[PDB]
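> Sharing work-v4.cif below, mmCIF, N, CA, C and O atoms:
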data_structure
#
loop_
_atom_site.label_atom_id
_atom_site.label_comp_id
_atom_site.auth_asym_id
_atom_site.auth_seq_id
_atom_site.Cartn_x
_atom_site.Cartn_y
_atom_site.Cartn_z
N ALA B 1 -9.63 -11.00 -8.44
CA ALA B 1 -9.35 -9.90 -9.34
C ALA B 1 -8.05 -9.25 -8.89
O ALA B 1 -7.54 -9.57 -7.81
N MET B 2 -7.52 -8.35 -9.72
CA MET B 2 -6.31 -7.61 -9.38
C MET B 2 -6.66 -6.29 -8.71
O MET B 2 -7.72 -5.70 -8.96
N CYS B 3 -5.76 -5.83 -7.84
CA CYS B 3 -5.89 -4.51 -7.25
C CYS B 3 -4.48 -3.94 -7.09
O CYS B 3 -3.49 -4.55 -7.51
N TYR B 4 -4.39 -2.76 -6.50
CA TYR B 4 -3.14 -2.29 -5.92
C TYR B 4 -3.33 -2.22 -4.41
O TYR B 4 -4.35 -1.71 -3.94
N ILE B 5 -2.37 -2.74 -3.67
CA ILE B 5 -2.31 -2.46 -2.24
C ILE B 5 -1.44 -1.23 -2.05
O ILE B 5 -0.43 -1.04 -2.75
N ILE B 6 -1.90 -0.35 -1.17
CA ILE B 6 -1.36 0.99 -0.98
C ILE B 6 -0.99 1.16 0.49
O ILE B 6 -1.76 0.76 1.38
N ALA B 7 0.16 1.78 0.74
CA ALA B 7 0.52 2.20 2.08
C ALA B 7 0.74 3.70 2.04
O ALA B 7 1.42 4.20 1.14
N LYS B 8 0.19 4.42 3.02
CA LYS B 8 0.27 5.86 3.02
C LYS B 8 0.19 6.37 4.45
O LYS B 8 -0.65 5.89 5.22
N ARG B 9 1.03 7.33 4.80
CA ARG B 9 0.90 7.99 6.09
C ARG B 9 -0.24 9.02 5.98
O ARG B 9 -0.28 9.78 5.01
N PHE B 10 -1.18 9.01 6.93
CA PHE B 10 -2.32 9.93 6.85
C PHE B 10 -1.88 11.38 6.77
O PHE B 10 -2.56 12.20 6.14
N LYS B 11 -0.77 11.72 7.40
CA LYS B 11 -0.34 13.11 7.52
C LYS B 11 0.80 13.46 6.58
O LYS B 11 1.45 14.49 6.76
N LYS B 12 1.04 12.63 5.55
CA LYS B 12 2.02 12.98 4.53
C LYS B 12 1.46 12.65 3.15
O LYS B 12 0.65 11.74 2.99
N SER B 13 1.95 13.37 2.15
CA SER B 13 1.53 13.11 0.78
C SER B 13 2.35 11.99 0.16
O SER B 13 3.51 11.75 0.54
N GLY B 14 1.74 11.31 -0.81
CA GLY B 14 2.39 10.24 -1.54
C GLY B 14 2.13 8.88 -0.91
O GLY B 14 1.70 8.76 0.24
N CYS B 15 2.42 7.83 -1.67
CA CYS B 15 2.16 6.49 -1.19
C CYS B 15 3.11 5.50 -1.83
O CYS B 15 3.88 5.82 -2.75
N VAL B 16 3.05 4.27 -1.33
CA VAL B 16 3.72 3.12 -1.91
C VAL B 16 2.62 2.21 -2.46
O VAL B 16 1.59 2.01 -1.79
N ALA B 17 2.83 1.66 -3.66
CA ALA B 17 1.80 0.88 -4.32
C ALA B 17 2.38 -0.39 -4.93
O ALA B 17 3.44 -0.34 -5.57
N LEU B 18 1.63 -1.48 -4.82
CA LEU B 18 2.02 -2.77 -5.37
C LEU B 18 0.81 -3.39 -6.05
O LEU B 18 -0.23 -3.58 -5.40
N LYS B 19 0.93 -3.73 -7.33
CA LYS B 19 -0.11 -4.49 -8.00
C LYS B 19 -0.14 -5.91 -7.42
O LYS B 19 0.90 -6.55 -7.29
N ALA B 20 -1.34 -6.40 -7.07
CA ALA B 20 -1.44 -7.66 -6.35
C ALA B 20 -2.78 -8.32 -6.65
O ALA B 20 -3.76 -7.65 -7.00
N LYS B 21 -2.80 -9.64 -6.51
CA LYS B 21 -4.03 -10.41 -6.66
C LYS B 21 -4.81 -10.36 -5.36
O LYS B 21 -4.26 -10.60 -4.28
N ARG B 22 -6.11 -10.05 -5.45
CA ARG B 22 -6.94 -10.12 -4.26
C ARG B 22 -7.00 -11.57 -3.79
O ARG B 22 -7.01 -12.50 -4.60
N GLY B 23 -7.02 -11.76 -2.49
CA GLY B 23 -7.06 -13.10 -1.97
C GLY B 23 -6.58 -13.12 -0.54
O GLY B 23 -6.23 -12.10 0.04
N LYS B 24 -6.56 -14.34 0.02
CA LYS B 24 -6.22 -14.49 1.42
C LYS B 24 -4.78 -14.07 1.69
O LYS B 24 -4.50 -13.43 2.71
N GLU B 25 -3.87 -14.41 0.77
CA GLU B 25 -2.46 -14.06 0.95
C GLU B 25 -2.29 -12.55 1.08
O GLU B 25 -1.60 -12.07 1.99
N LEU B 26 -2.92 -11.79 0.19
CA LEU B 26 -2.82 -10.34 0.25
C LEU B 26 -3.44 -9.82 1.54
O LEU B 26 -2.87 -8.95 2.21
N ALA B 27 -4.61 -10.35 1.91
CA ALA B 27 -5.27 -9.89 3.13
C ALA B 27 -4.41 -10.14 4.36
O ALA B 27 -4.33 -9.28 5.25
N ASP B 28 -3.80 -11.33 4.46
CA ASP B 28 -2.93 -11.62 5.60
C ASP B 28 -1.73 -10.69 5.61
O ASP B 28 -1.34 -10.18 6.66
N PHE B 29 -1.10 -10.51 4.45
CA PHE B 29 0.05 -9.62 4.36
C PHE B 29 -0.31 -8.21 4.82
O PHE B 29 0.41 -7.60 5.61
N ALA B 30 -1.42 -7.68 4.31
CA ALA B 30 -1.84 -6.33 4.66
C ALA B 30 -2.18 -6.22 6.14
O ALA B 30 -1.82 -5.23 6.80
N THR B 31 -2.86 -7.23 6.69
CA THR B 31 -3.21 -7.21 8.11
C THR B 31 -1.95 -7.20 8.97
O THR B 31 -1.83 -6.42 9.92
N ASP B 32 -0.99 -8.06 8.64
CA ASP B 32 0.26 -8.11 9.40
C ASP B 32 1.03 -6.80 9.30
O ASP B 32 1.58 -6.32 10.30
N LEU B 33 1.09 -6.21 8.11
CA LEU B 33 1.84 -4.97 7.96
C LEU B 33 1.16 -3.83 8.70
O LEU B 33 1.82 -2.96 9.28
N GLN B 34 -0.18 -3.82 8.70
CA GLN B 34 -0.92 -2.79 9.43
C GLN B 34 -0.60 -2.83 10.92
O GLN B 34 -0.47 -1.78 11.56
N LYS B 35 -0.43 -4.02 11.48
CA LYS B 35 -0.05 -4.13 12.88
C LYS B 35 1.35 -3.57 13.12
O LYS B 35 1.58 -2.83 14.09
N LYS B 36 2.29 -3.88 12.22
CA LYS B 36 3.67 -3.45 12.43
C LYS B 36 3.82 -1.94 12.29
O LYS B 36 4.62 -1.33 13.01
N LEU B 37 3.08 -1.31 11.39
CA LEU B 37 3.28 0.11 11.12
C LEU B 37 2.44 1.03 11.99
O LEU B 37 2.78 2.21 12.10
N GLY B 38 1.36 0.54 12.60
CA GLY B 38 0.61 1.33 13.55
C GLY B 38 -0.49 2.17 12.93
O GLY B 38 -0.72 2.20 11.72
N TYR B 39 -1.17 2.91 13.81
CA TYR B 39 -2.39 3.63 13.43
C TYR B 39 -2.15 4.86 12.56
O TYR B 39 -3.12 5.37 12.01
N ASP B 40 -0.92 5.35 12.44
CA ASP B 40 -0.61 6.52 11.63
C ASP B 40 -0.45 6.19 10.15
O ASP B 40 -0.33 7.10 9.32
N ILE B 41 -0.43 4.90 9.82
CA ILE B 41 -0.26 4.44 8.45
C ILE B 41 -1.56 3.79 7.98
O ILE B 41 -2.19 3.02 8.71
N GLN B 42 -1.96 4.13 6.76
CA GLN B 42 -3.12 3.57 6.10
C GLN B 42 -2.65 2.47 5.14
O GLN B 42 -1.73 2.70 4.35
N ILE B 43 -3.26 1.28 5.23
CA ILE B 43 -3.08 0.20 4.27
C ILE B 43 -4.46 -0.07 3.67
O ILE B 43 -5.40 -0.41 4.39
N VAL B 44 -4.59 0.10 2.35
CA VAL B 44 -5.87 -0.03 1.66
C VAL B 44 -5.65 -0.61 0.28
O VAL B 44 -4.59 -0.43 -0.34
N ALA B 45 -6.65 -1.32 -0.22
CA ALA B 45 -6.64 -1.81 -1.59
C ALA B 45 -7.45 -0.86 -2.47
O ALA B 45 -8.50 -0.36 -2.05
N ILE B 46 -6.95 -0.60 -3.68
CA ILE B 46 -7.64 0.25 -4.64
C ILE B 46 -7.70 -0.47 -5.98
O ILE B 46 -6.95 -1.41 -6.24
N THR B 47 -8.56 0.03 -6.87
CA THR B 47 -8.61 -0.51 -8.22
C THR B 47 -7.40 -0.07 -9.04
O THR B 47 -6.73 -0.89 -9.67
N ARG B 48 -7.12 1.24 -9.07
CA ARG B 48 -6.08 1.74 -9.94
C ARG B 48 -5.69 3.16 -9.53
O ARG B 48 -6.54 3.91 -9.03
N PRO B 49 -4.44 3.56 -9.77
CA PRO B 49 -3.97 4.87 -9.27
C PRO B 49 -4.78 6.06 -9.75
O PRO B 49 -4.94 7.02 -9.00
N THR B 50 -5.27 6.06 -11.00
CA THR B 50 -5.97 7.25 -11.48
C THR B 50 -7.32 7.45 -10.82
O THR B 50 -7.85 8.57 -10.87
N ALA B 51 -7.88 6.41 -10.21
CA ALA B 51 -9.11 6.58 -9.45
C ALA B 51 -8.84 7.16 -8.06
O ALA B 51 -9.80 7.44 -7.32
N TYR B 52 -7.57 7.27 -7.66
CA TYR B 52 -7.18 7.75 -6.34
C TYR B 52 -6.03 8.74 -6.50
O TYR B 52 -4.92 8.55 -5.99
N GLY B 53 -6.29 9.84 -7.22
CA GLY B 53 -5.27 10.84 -7.41
C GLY B 53 -4.85 11.52 -6.12
O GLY B 53 -3.75 12.08 -6.06
N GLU B 54 -5.69 11.45 -5.09
CA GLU B 54 -5.34 12.04 -3.81
C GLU B 54 -4.17 11.34 -3.12
O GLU B 54 -3.65 11.88 -2.15
N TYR B 55 -3.75 10.17 -3.59
CA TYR B 55 -2.59 9.48 -3.01
C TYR B 55 -1.28 9.80 -3.74
O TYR B 55 -0.23 9.23 -3.37
N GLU B 56 -1.29 10.69 -4.74
CA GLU B 56 -0.07 11.01 -5.49
C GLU B 56 0.90 11.82 -4.63
O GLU B 56 0.49 12.62 -3.79
N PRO B 57 2.22 11.67 -4.87
CA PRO B 57 2.83 10.79 -5.87
C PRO B 57 2.90 9.31 -5.46
O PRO B 57 3.18 9.00 -4.30
N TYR B 58 2.68 8.43 -6.42
CA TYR B 58 2.78 6.99 -6.23
C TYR B 58 4.22 6.54 -6.43
O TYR B 58 4.86 6.89 -7.43
N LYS B 59 4.73 5.72 -5.50
CA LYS B 59 5.99 5.01 -5.70
C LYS B 59 5.61 3.55 -5.89
O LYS B 59 5.07 2.92 -4.98
N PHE B 60 5.88 3.01 -7.08
CA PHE B 60 5.50 1.64 -7.39
C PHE B 60 6.62 0.66 -7.05
O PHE B 60 7.80 0.94 -7.31
N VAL B 61 6.25 -0.48 -6.48
CA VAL B 61 7.19 -1.54 -6.16
C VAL B 61 6.70 -2.84 -6.78
O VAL B 61 5.57 -2.94 -7.26
N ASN B 62 7.55 -3.86 -6.74
CA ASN B 62 7.28 -5.06 -7.53
C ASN B 62 7.24 -6.35 -6.73
O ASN B 62 7.11 -7.43 -7.33
N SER B 63 7.32 -6.29 -5.41
CA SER B 63 7.19 -7.49 -4.59
C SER B 63 6.63 -7.11 -3.23
O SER B 63 6.66 -5.95 -2.83
N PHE B 64 6.13 -8.12 -2.51
CA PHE B 64 5.69 -7.88 -1.14
C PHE B 64 6.85 -7.42 -0.27
O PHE B 64 6.67 -6.57 0.62
N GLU B 65 8.04 -7.97 -0.49
CA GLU B 65 9.18 -7.61 0.33
C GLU B 65 9.56 -6.15 0.13
O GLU B 65 9.80 -5.42 1.11
N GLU B 66 9.61 -5.70 -1.13
CA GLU B 66 9.88 -4.30 -1.40
C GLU B 66 8.78 -3.39 -0.85
O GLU B 66 9.06 -2.30 -0.35
N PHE B 67 7.53 -3.83 -0.94
CA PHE B 67 6.44 -3.03 -0.38
C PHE B 67 6.62 -2.84 1.11
O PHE B 67 6.41 -1.75 1.64
N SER B 68 7.01 -3.91 1.81
CA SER B 68 7.16 -3.81 3.26
C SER B 68 8.31 -2.87 3.62
O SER B 68 8.18 -2.06 4.54
N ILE B 69 9.43 -2.96 2.89
CA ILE B 69 10.56 -2.05 3.12
C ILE B 69 10.13 -0.60 2.93
O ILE B 69 10.36 0.25 3.80
N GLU B 70 9.50 -0.30 1.79
CA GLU B 70 9.15 1.08 1.50
C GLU B 70 8.05 1.59 2.42
O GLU B 70 8.11 2.74 2.88
N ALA B 71 7.06 0.75 2.73
CA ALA B 71 6.01 1.17 3.66
C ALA B 71 6.59 1.53 5.02
O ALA B 71 6.12 2.47 5.67
N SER B 72 7.62 0.81 5.46
CA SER B 72 8.20 1.08 6.76
C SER B 72 9.00 2.37 6.77
O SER B 72 9.32 2.87 7.86
N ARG B 73 9.34 2.91 5.61
CA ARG B 73 10.08 4.16 5.51
C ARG B 73 9.17 5.37 5.40
O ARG B 73 9.68 6.50 5.39
N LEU B 74 7.86 5.18 5.29
CA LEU B 74 6.91 6.28 5.21
C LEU B 74 6.89 7.07 6.52
O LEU B 74 7.01 6.47 7.60
#
Is it possible to express this structure as structure tokens?

Amino acid sequence: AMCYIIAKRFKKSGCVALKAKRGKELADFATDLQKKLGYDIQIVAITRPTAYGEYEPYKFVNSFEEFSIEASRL
């Protein structure tokens, strides 16, 4: 199924979001990025932004590479 993968700093408002297919590729990508960014950053999959208004404002990106760049700037 489809989801959004989300990166968010626990102590700051807003997030980075990428629409993505659930699967092993996404799980590996998210696991690797979680290691690089550390414990202060949350990486989570959600169904859709309106179900998670607490992560606003959303910055949407269109590739894994752009997601990694923007997540690292949080």
> Give as a ChimeraX atom specification the set of residues within 4.5 Å of the point (0.7, 10.0, -0.5), where distances use the file's coordinates and only N, CA, C and O atoms.
/B:12-15,55-56
> Just the alpha helix (DSSP H) stuff from chain B, please, per backbone DSSP, written as a list in words.
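Going through chain B, the alpha helix (DSSP H) residues come out as residues 24, 25, 26, 27, 28, 29, 30, 31, 32, 33, 34, 35, 36, 37, 64, 65, 66, 67, 68, 69, 70, 71 and 72 of chain B.
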> The selected residues should be written to file as an mmCIF file, in the frame of the given file (atoms: N, CA, C and O atoms).

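The result, written out as again.cif:
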data_model
loop_
_atom_site.group_PDB
_atom_site.id
_atom_site.type_symbol
_atom_site.label_atom_id
_atom_site.label_comp_id
_atom_site.auth_asym_id
_atom_site.auth_seq_id
_atom_site.Cartn_x
_atom_site.Cartn_y
_atom_site.Cartn_z
ATOM 1 N N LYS B 24 -6.560 -14.340 0.020
ATOM 2 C CA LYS B 24 -6.220 -14.490 1.420
ATOM 3 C C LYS B 24 -4.780 -14.070 1.690
ATOM 4 O O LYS B 24 -4.500 -13.430 2.710
ATOM 5 N N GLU B 25 -3.870 -14.410 0.770
ATOM 6 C CA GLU B 25 -2.460 -14.060 0.950
ATOM 7 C C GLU B 25 -2.290 -12.550 1.080
ATOM 8 O O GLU B 25 -1.600 -12.070 1.990
ATOM 9 N N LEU B 26 -2.920 -11.790 0.190
ATOM 10 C CA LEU B 26 -2.820 -10.340 0.250
ATOM 11 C C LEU B 26 -3.440 -9.820 1.540
ATOM 12 O O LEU B 26 -2.870 -8.950 2.210
ATOM 13 N N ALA B 27 -4.610 -10.350 1.910
ATOM 14 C CA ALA B 27 -5.270 -9.890 3.130
ATOM 15 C C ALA B 27 -4.410 -10.140 4.360
ATOM 16 O O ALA B 27 -4.330 -9.280 5.250
ATOM 17 N N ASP B 28 -3.800 -11.330 4.460
ATOM 18 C CA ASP B 28 -2.930 -11.620 5.600
ATOM 19 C C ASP B 28 -1.730 -10.690 5.610
ATOM 20 O O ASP B 28 -1.340 -10.180 6.660
ATOM 21 N N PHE B 29 -1.100 -10.510 4.450
ATOM 22 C CA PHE B 29 0.050 -9.620 4.360
ATOM 23 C C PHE B 29 -0.310 -8.210 4.820
ATOM 24 O O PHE B 29 0.410 -7.600 5.610
ATOM 25 N N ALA B 30 -1.420 -7.680 4.310
ATOM 26 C CA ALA B 30 -1.840 -6.330 4.660
ATOM 27 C C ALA B 30 -2.180 -6.220 6.140
ATOM 28 O O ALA B 30 -1.820 -5.230 6.800
ATOM 29 N N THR B 31 -2.860 -7.230 6.690
ATOM 30 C CA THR B 31 -3.210 -7.210 8.110
ATOM 31 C C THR B 31 -1.950 -7.200 8.970
ATOM 32 O O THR B 31 -1.830 -6.420 9.920
ATOM 33 N N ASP B 32 -0.990 -8.060 8.640
ATOM 34 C CA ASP B 32 0.260 -8.110 9.400
ATOM 35 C C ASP B 32 1.030 -6.800 9.300
ATOM 36 O O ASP B 32 1.580 -6.320 10.300
ATOM 37 N N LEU B 33 1.090 -6.210 8.110
ATOM 38 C CA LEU B 33 1.840 -4.970 7.960
ATOM 39 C C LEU B 33 1.160 -3.830 8.700
ATOM 40 O O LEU B 33 1.820 -2.960 9.280
ATOM 41 N N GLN B 34 -0.180 -3.820 8.700
ATOM 42 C CA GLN B 34 -0.920 -2.790 9.430
ATOM 43 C C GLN B 34 -0.600 -2.830 10.920
ATOM 44 O O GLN B 34 -0.470 -1.780 11.560
ATOM 45 N N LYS B 35 -0.430 -4.020 11.480
ATOM 46 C CA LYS B 35 -0.050 -4.130 12.880
ATOM 47 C C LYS B 35 1.350 -3.570 13.120
ATOM 48 O O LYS B 35 1.580 -2.830 14.090
ATOM 49 N N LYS B 36 2.290 -3.880 12.220
ATOM 50 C CA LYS B 36 3.670 -3.450 12.430
ATOM 51 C C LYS B 36 3.820 -1.940 12.290
ATOM 52 O O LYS B 36 4.620 -1.330 13.010
ATOM 53 N N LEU B 37 3.080 -1.310 11.390
ATOM 54 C CA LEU B 37 3.280 0.110 11.120
ATOM 55 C C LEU B 37 2.440 1.030 11.990
ATOM 56 O O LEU B 37 2.780 2.210 12.100
ATOM 57 N N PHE B 64 6.130 -8.120 -2.510
ATOM 58 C CA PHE B 64 5.690 -7.880 -1.140
ATOM 59 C C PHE B 64 6.850 -7.420 -0.270
ATOM 60 O O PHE B 64 6.670 -6.570 0.620
ATOM 61 N N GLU B 65 8.040 -7.970 -0.490
ATOM 62 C CA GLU B 65 9.180 -7.610 0.330
ATOM 63 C C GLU B 65 9.560 -6.150 0.130
ATOM 64 O O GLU B 65 9.800 -5.420 1.110
ATOM 65 N N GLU B 66 9.610 -5.700 -1.130
ATOM 66 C CA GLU B 66 9.880 -4.300 -1.400
ATOM 67 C C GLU B 66 8.780 -3.390 -0.850
ATOM 68 O O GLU B 66 9.060 -2.300 -0.350
ATOM 69 N N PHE B 67 7.530 -3.830 -0.940
ATOM 70 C CA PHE B 67 6.440 -3.030 -0.380
ATOM 71 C C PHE B 67 6.620 -2.840 1.110
ATOM 72 O O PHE B 67 6.410 -1.750 1.640
ATOM 73 N N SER B 68 7.010 -3.910 1.810
ATOM 74 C CA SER B 68 7.160 -3.810 3.260
ATOM 75 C C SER B 68 8.310 -2.870 3.620
ATOM 76 O O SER B 68 8.180 -2.060 4.540
ATOM 77 N N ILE B 69 9.430 -2.960 2.890
ATOM 78 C CA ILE B 69 10.560 -2.050 3.120
ATOM 79 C C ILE B 69 10.130 -0.600 2.930
ATOM 80 O O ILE B 69 10.360 0.250 3.800
ATOM 81 N N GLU B 70 9.500 -0.300 1.790
ATOM 82 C CA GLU B 70 9.150 1.080 1.500
ATOM 83 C C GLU B 70 8.050 1.590 2.420
ATOM 84 O O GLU B 70 8.110 2.740 2.880
ATOM 85 N N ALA B 71 7.060 0.750 2.730
ATOM 86 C CA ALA B 71 6.010 1.170 3.660
ATOM 87 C C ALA B 71 6.590 1.530 5.020
ATOM 88 O O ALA B 71 6.120 2.470 5.670
ATOM 89 N N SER B 72 7.620 0.810 5.460
ATOM 90 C CA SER B 72 8.200 1.080 6.760
ATOM 91 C C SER B 72 9.000 2.370 6.770
ATOM 92 O O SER B 72 9.320 2.870 7.860
#
> From the set B:50, B:1, B:71, B:60, which residue has the shortest atom-to-atom contact distance to residue 33 (chain B), counting only N, CA, C and O atoms?
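Nearest to residue 33 (chain B): B:71.
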> With only C-alpha atoms as the atoms that count, which of B:46, B:51, B:74, B:6 lies nearest to residue 29 (chain B)?
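Selected residue with least distance to residue 29 (chain B): B:6.
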> Would you give the centre and edge lengths, in Å to one decimal, of a box along x, y and z around the listed atoms of region 25-40 of chain B, with 3 Å added to each side, as AutoDock Vina command-line options?

--center_x -0.3 --center_y -3.7 --center_z 7.1 --size_x 15.9 --size_y 27.5 --size_z 19.9
> Pick out the closest residue to residue 17 (chain B) from this set: B:42, B:36, B:65, B:5. Count all atoms listed in the file.
B:5
> Could you work out how far atom C of residue 70 (chain B) lies from atom C of residue 34 (chain B), giving the answer in Å with one decimal?
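Rounded to one decimal, the two atoms are 12.9 Å apart.
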> Quick one: pick out all strand (DSSP E) residues within chain B from a backbone DSSP run and write them as JSON, numbers by chain.
{"B": [2, 3, 4, 5, 6, 7, 8, 9, 15, 16, 17, 18, 19, 20, 21, 41, 42, 43, 44, 45, 46, 58, 59, 60, 61]}
> Nearest to residue 2 (chain B) among B:35, B:47, B:61, B:69, with distances taken over all atoms listed in the file: which residue is it?
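Residue with the minimum atom-to-atom distance to residue 2 (chain B): B:47.
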> Could you state which residues are captured by the PyMOL selection byres (((chain B and resi 20 and name CA) around 9) and name CA) in this file, as a PDB file with N, CA, C and O atoms, keeping the file's coordinate frame?

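Below you can see part_38.pdb, which holds the result:
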ATOM      1  N   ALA B   1      -9.630 -11.000  -8.440  1.00  0.00           N
ATOM      2  CA  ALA B   1      -9.350  -9.900  -9.340  1.00  0.00           C
ATOM      3  C   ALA B   1      -8.050  -9.250  -8.890  1.00  0.00           C
ATOM      4  O   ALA B   1      -7.540  -9.570  -7.810  1.00  0.00           O
ATOM      5  N   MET B   2      -7.520  -8.350  -9.720  1.00  0.00           N
ATOM      6  CA  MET B   2      -6.310  -7.610  -9.380  1.00  0.00           C
ATOM      7  C   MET B   2      -6.660  -6.290  -8.710  1.00  0.00           C
ATOM      8  O   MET B   2      -7.720  -5.700  -8.960  1.00  0.00           O
ATOM      9  N   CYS B   3      -5.760  -5.830  -7.840  1.00  0.00           N
ATOM     10  CA  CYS B   3      -5.890  -4.510  -7.250  1.00  0.00           C
ATOM     11  C   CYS B   3      -4.480  -3.940  -7.090  1.00  0.00           C
ATOM     12  O   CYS B   3      -3.490  -4.550  -7.510  1.00  0.00           O
ATOM     13  N   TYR B   4      -4.390  -2.760  -6.500  1.00  0.00           N
ATOM     14  CA  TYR B   4      -3.140  -2.290  -5.920  1.00  0.00           C
ATOM     15  C   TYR B   4      -3.330  -2.220  -4.410  1.00  0.00           C
ATOM     16  O   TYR B   4      -4.350  -1.710  -3.940  1.00  0.00           O
ATOM     17  N   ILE B   5      -2.370  -2.740  -3.670  1.00  0.00           N
ATOM     18  CA  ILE B   5      -2.310  -2.460  -2.240  1.00  0.00           C
ATOM     19  C   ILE B   5      -1.440  -1.230  -2.050  1.00  0.00           C
ATOM     20  O   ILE B   5      -0.430  -1.040  -2.750  1.00  0.00           O
ATOM     21  N   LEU B  18       1.630  -1.480  -4.820  1.00  0.00           N
ATOM     22  CA  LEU B  18       2.020  -2.770  -5.370  1.00  0.00           C
ATOM     23  C   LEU B  18       0.810  -3.390  -6.050  1.00  0.00           C
ATOM     24  O   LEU B  18      -0.230  -3.580  -5.400  1.00  0.00           O
ATOM     25  N   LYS B  19       0.930  -3.730  -7.330  1.00  0.00           N
ATOM     26  CA  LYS B  19      -0.110  -4.490  -8.000  1.00  0.00           C
ATOM     27  C   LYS B  19      -0.140  -5.910  -7.420  1.00  0.00           C
ATOM     28  O   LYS B  19       0.900  -6.550  -7.290  1.00  0.00           O
ATOM     29  N   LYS B  21      -2.800  -9.640  -6.510  1.00  0.00           N
ATOM     30  CA  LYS B  21      -4.030 -10.410  -6.660  1.00  0.00           C
ATOM     31  C   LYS B  21      -4.810 -10.360  -5.360  1.00  0.00           C
ATOM     32  O   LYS B  21      -4.260 -10.600  -4.280  1.00  0.00           O
ATOM     33  N   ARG B  22      -6.110 -10.050  -5.450  1.00  0.00           N
ATOM     34  CA  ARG B  22      -6.940 -10.120  -4.260  1.00  0.00           C
ATOM     35  C   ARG B  22      -7.000 -11.570  -3.790  1.00  0.00           C
ATOM     36  O   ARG B  22      -7.010 -12.500  -4.600  1.00  0.00           O
ATOM     37  N   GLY B  23      -7.020 -11.760  -2.490  1.00  0.00           N
ATOM     38  CA  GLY B  23      -7.060 -13.100  -1.970  1.00  0.00           C
ATOM     39  C   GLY B  23      -6.580 -13.120  -0.540  1.00  0.00           C
ATOM     40  O   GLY B  23      -6.230 -12.100   0.040  1.00  0.00           O
ATOM     41  N   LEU B  26      -2.920 -11.790   0.190  1.00  0.00           N
ATOM     42  CA  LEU B  26      -2.820 -10.340   0.250  1.00  0.00           C
ATOM     43  C   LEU B  26      -3.440  -9.820   1.540  1.00  0.00           C
ATOM     44  O   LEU B  26      -2.870  -8.950   2.210  1.00  0.00           O
ATOM     45  N   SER B  63       7.320  -6.290  -5.410  1.00  0.00           N
ATOM     46  CA  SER B  63       7.190  -7.490  -4.590  1.00  0.00           C
ATOM     47  C   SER B  63       6.630  -7.110  -3.230  1.00  0.00           C
ATOM     48  O   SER B  63       6.660  -5.950  -2.830  1.00  0.00           O
ATOM     49  N   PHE B  64       6.130  -8.120  -2.510  1.00  0.00           N
ATOM     50  CA  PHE B  64       5.690  -7.880  -1.140  1.00  0.00           C
ATOM     51  C   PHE B  64       6.850  -7.420  -0.270  1.00  0.00           C
ATOM     52  O   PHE B  64       6.670  -6.570   0.620  1.00  0.00           O
TER      53      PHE B  64
END
> For a quick check of understanding, using only C-alpha atoms, which of B:28, B:40, B:59, B:52 has the smallest distance to residue 10 (chain B)?
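Closest candidate: B:40.
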> Which residue gives the smallest distance to residue 16 (chain B) among B:72, B:49, B:58, B:43, with only C-alpha atoms counted?
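Selected residue with least distance to residue 16 (chain B): B:58.
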> What is the distance between atom N of residue 57 (chain B) and atom C of residue 25 (chain B), in Å to one decimal?
25.3 Å
> Report, in Å with one decimal, the straight-line distance from atom C of residue 31 (chain B) to CA of residue 48 (chain B).
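Going from atom C of residue 31 (chain B) over to CA of residue 48 (chain B) covers 21.3 Å.
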